[PDB]
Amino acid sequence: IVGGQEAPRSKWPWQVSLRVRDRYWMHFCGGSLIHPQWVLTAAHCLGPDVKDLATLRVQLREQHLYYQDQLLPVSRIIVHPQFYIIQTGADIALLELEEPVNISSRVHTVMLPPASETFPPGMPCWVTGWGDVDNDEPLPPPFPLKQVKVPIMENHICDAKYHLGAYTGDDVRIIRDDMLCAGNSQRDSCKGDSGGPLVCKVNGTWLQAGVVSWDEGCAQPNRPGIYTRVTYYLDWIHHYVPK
């Protein structure tokens, strides 16, 4: 998270951290608890080579990474079959927890949004995660979960920006319909926020508009952060997740 602040203990109870097995259970991506036994994250986080569930683990909302851990095994990993590389979209994936988690005031699902919901500029939206605080600047210990309000923009506007100072023809589309852009030169996601949630408060309710997909610009002018637009994938998501 670039340009944000440490999150209040009470915020984002659906924020999760995906851990892979190395010298320790190291965070490699973020994700969200959309259902008691399901986690929404990014495809690029799980691929490219199919992984062994024994190596992955899910950690629930935690003020400080690695402190009070309690890893959870995963029974199933589903990566959208259209996914091949971030720049061509379909960067979304699901993790089936091994068993439901005890939902409480401190830990629960986030509501997915209505298919009709586009998220026009002005909508108050925040990205959260344990990513770098700047280009090649890791989140320093004790690793507080951070958040940052980011302006959301329309795809065609984002597409125009991406062509600025680039060789790519104006007529070739960079930003796809299954993507959503947010952030400016001072506020953005950054390395390690991938898979995590972009949430907007609509009618007093928090909805997950996106899944951090491209988090490497770290607030780079004319290259806002790119997110997988959840509305575009509800049917796929509901093909595996209930309620």
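Note that residue numbering follows the sequence shown and begins at 1.
Of the two stretches examined, 98-106 and 130-138, the record assigns the greater average C-alpha temperature factor to 98-106. Comparing 52-60 with 24-32, the higher mean C-alpha B-factor in the PDB entry belongs to 52-60.
Residue set 151, 113, 169, 165: peak C-alpha B-factor at 113 (per PDB entry). Going by the entry's values, 10 shows the largest Cα B-factor out of 17, 220, 228, 10.
Ranked within its chain, residue 201 lands in the highest third, by CA B factor from the PDB record. When the modelled residues of the chain are ordered by C-alpha B-factor, residue 69 sits in the highest third. Remark: residue 155 belongs to the lowest third of its chain, ranked by C-alpha B-factor as recorded.
When the CA B factors of the chain's modelled residues are split into thirds, the value for residue 143 lands in the lowest one.
Split the chain's modelled residues into thirds by C-alpha temperature factor. Residue 80 is in the middle one.
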